[PDB]
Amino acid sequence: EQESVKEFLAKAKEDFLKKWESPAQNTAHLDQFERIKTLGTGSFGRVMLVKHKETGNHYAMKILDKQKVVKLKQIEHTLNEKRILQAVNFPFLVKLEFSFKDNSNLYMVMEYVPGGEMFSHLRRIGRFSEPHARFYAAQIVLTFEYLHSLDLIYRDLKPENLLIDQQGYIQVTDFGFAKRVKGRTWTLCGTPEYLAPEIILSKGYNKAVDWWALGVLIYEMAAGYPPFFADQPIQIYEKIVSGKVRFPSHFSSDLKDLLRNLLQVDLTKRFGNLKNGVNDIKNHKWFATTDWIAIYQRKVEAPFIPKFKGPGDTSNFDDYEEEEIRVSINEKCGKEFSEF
């Protein structure tokens, strides 16, 4: 499959850079969509289930208040998330259908995933079986292989950013922390429990931090809780840099060996950062029963299929208070988001 993968990644890179250098802009208008319900909200803005008035297609629309983005010093982060989203294309990355802005806000109309957040499912069930966790882990591995080939580091892997689609496959969201870079970078960003030692520490780091994050994810999915936790982030960083890890007794020896290789402090020996790159992971014994191309092709039967009552049903999401979408008669931050 080697040749075919190198070949595939070649075409992917050229299609990416074309869109990356000439990003799409203003591909829709707010009035084309009927607001339905708020799917999630926080410092990150608000995501609403919306319906295209003419086609009837449902979408997940992320709305960002320009003034707030600026207050939060997230101008570059937001412009960057949208640039990346319109440039990439992978089965496990949620698609950006349309994007536009008005006097007060920025809008990213994304694919709507009725299955809900992986976070909710995990906490509901407690923990996934090793085969169930392996299915998801495989998707992330392929996703990172794709992103890293484009010199893109994700930086925010966690159950909260993964959604479960209709066929029970994973869909990655939120690129507000991603970055395109060849080499090292230093920014302190991401989620505490998932930070690699080198992110916490002042020294620079690279794409290897994504692989460490994969380790944390596999651990949480298989254990029901993360490998490093505490009351406060400060205490979490302490355990992470110490890097001492304990595994549940129900963890198989192969799972434990993969994790020892992923949650490796010596970023010089961490799987995914060695000469054989991703293949060390793809060829590890834990992933022995994994059919990589079939996973990529979505032919593998998902171990878990989320319940679904319709394309506009929000039963797998949480409830939020609705808030009117206001659009000023005056343009705010025009110069700052001209590129959006």
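Residue numbers run from 1 along the displayed sequence.
Checked against the other entries of this protein, residue 312 counts as unresolved in at least one third of those spanning it. Here the stretch with the larger average CA B-factor, out of 249-257 and 211-219, is 249-257. Legend: mean Cα B-factor per stretch from the PDB entry, 57-65 versus 289-297; the higher mean is in 289-297. Residue 203: CA B factor in the middle third of modelled residues in this chain (values from the PDB entry).
Annotation for residue 243: CA B-factor lies in the highest third of the chain's modelled residues.
Ranked against the other modelled residues of its chain, the C-alpha B-factor of residue 278 as given in the entry falls in the highest third. The PDB entry assigns residue 74 a C-alpha temperature factor belonging to the middle third of its chain's modelled residues.
Per the deposited record, the Cα B-factor of residue 233 falls in the highest third when ranked against the other modelled residues of its chain.
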